[PDB]
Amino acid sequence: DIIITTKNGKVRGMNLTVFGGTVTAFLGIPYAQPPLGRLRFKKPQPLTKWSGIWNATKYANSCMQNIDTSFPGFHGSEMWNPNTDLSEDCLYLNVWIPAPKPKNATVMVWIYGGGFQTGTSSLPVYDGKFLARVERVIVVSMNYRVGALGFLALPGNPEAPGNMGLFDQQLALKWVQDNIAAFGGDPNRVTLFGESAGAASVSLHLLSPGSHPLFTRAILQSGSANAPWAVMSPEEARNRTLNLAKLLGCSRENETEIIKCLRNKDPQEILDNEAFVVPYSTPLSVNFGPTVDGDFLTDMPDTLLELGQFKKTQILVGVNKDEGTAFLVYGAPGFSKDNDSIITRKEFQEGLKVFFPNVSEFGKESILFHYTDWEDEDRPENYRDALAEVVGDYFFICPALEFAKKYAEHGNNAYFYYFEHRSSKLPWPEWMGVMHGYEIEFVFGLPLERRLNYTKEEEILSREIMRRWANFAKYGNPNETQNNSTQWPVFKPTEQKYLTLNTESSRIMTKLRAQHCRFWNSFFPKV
């Protein structure tokens, strides 16, 4: 029982006990032909019918990816590792439906992050049964190919055209348009939300005309398509295809001859070589990711945003307080999760070489000067704080603000937030602060489960974030307009208002990081 008839066949789900209520979950529904052998590196193929009833009571396979092993046994880094079998057969999606079955329900579609090299929708931190139970929305989750298997690019070649992972997400959005009405949802009321590389993916759908009728609104959590790490140039993506082929002995005279050889190698052989296709690899380097392929993306996001060519709708964008601290541990000299990581002035200068290898020896002296105007000249952690703000401002915070500013410049309602609560359950040290990716547990309502022992102020904060996230998806406004709560105002290009999120109280502020953002936007391009 619990049978829903899709356009490709019947599926069977489960009923889950969630907070004294029931939520219907369909885990592991296929939405594309398995990209195997002949179909590796190609765009996803639409499914045909299946006979019988597909039993969707199980989290499906995770896409082929390397696993973070920098800290064995550490929950802070292994919580982002896949919790299902790794396989190329991984194009599946999940649906959570509130019980009893709703009618014309708002849909929220999650796109996970992972630097376009890792990630899966089955992580317990992405479980949408809490959102479906508390906010009565339908939550859809999806797995898309990462690494070379999802973004190996030979522009113009249909055997490996690039942006395959973005086409995986797009076909899952096509499945929602065709089938979500059978589950009780409104295909004209779908909101995309995602984090990190998932937020860049969400904003890339705003810039892809083919995805425009597949969703209504968008939520960008700590990421945007115009971030420096998001979209690489087509010739840079092409050079990484050859380098991978050269590493695997697949260098050939002909383009398809390269693909034919790569299709014969084991998926692990490809995974074991993606790290060596970039000359100088920064901890924020995307080995294989989105590019300008001429199909999903016809130009660089900065060019498309300037021309105003994007989906005209409302958006919700925001960042965390300490966005860059997580990446300082993974390769910046002098940093560690096992001590306070007080670094010298020269260690700061080596850190900027780690993150900015192509910047002139002059240019890093410019970054040094703009970030050493110490409030207290004798705070020992002055340089450790500065390098974290350098990574946070350039790679995440400032690009997120420019994306919201450009949407407001074209008459679209944007809502900016600033998440500044360090989780009591955060496994990383206290000096790393409100880290990259640790607002997701609050977005999905994990503090509401009392067995995980979050504070009562965290359950209140999570409940308000879910209410603001779901209200924006339902109505385009993340506010409860009458109960005399704090009203989240519209982010304007002028006043630049934004809302804080913490256990204390939500406050209205203006021009977030406006000073340091002016450096990256008006002086850094001039080297």
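Throughout, we count residues from 1 along the sequence that is shown.
- Annotation for 169 to 177 versus 419 to 427: the higher mean temperature factor (C-alpha) is found in 419 to 427.
- For the pair 69 to 77 and 301 to 309, the mean Cα B-factor is higher in 69 to 77.
- Of the candidates 500, 33, 477, 482, the deposited coordinates give 482 the top C-alpha B factor.
- Per the PDB entry, 345 shows the highest C-alpha temperature factor of the residues 212, 345, 129, 103.
- Sorting the modelled residues of the chain by their CA temperature factor places residue 375 in the highest third.
- When all modelled residues of the chain are sorted by CA temperature factor, residue 384 is found within the highest third.
- Ranked against the other modelled residues of its chain, the C-alpha B-factor of residue 323 as given in the entry falls in the middle third.
- Per-chain ranking of the deposited C-alpha B factor places residue 272 in the middle third.
- In this PDB entry, residue 453 carries a Cα temperature factor that places it within the highest third of its chain's modelled residues.
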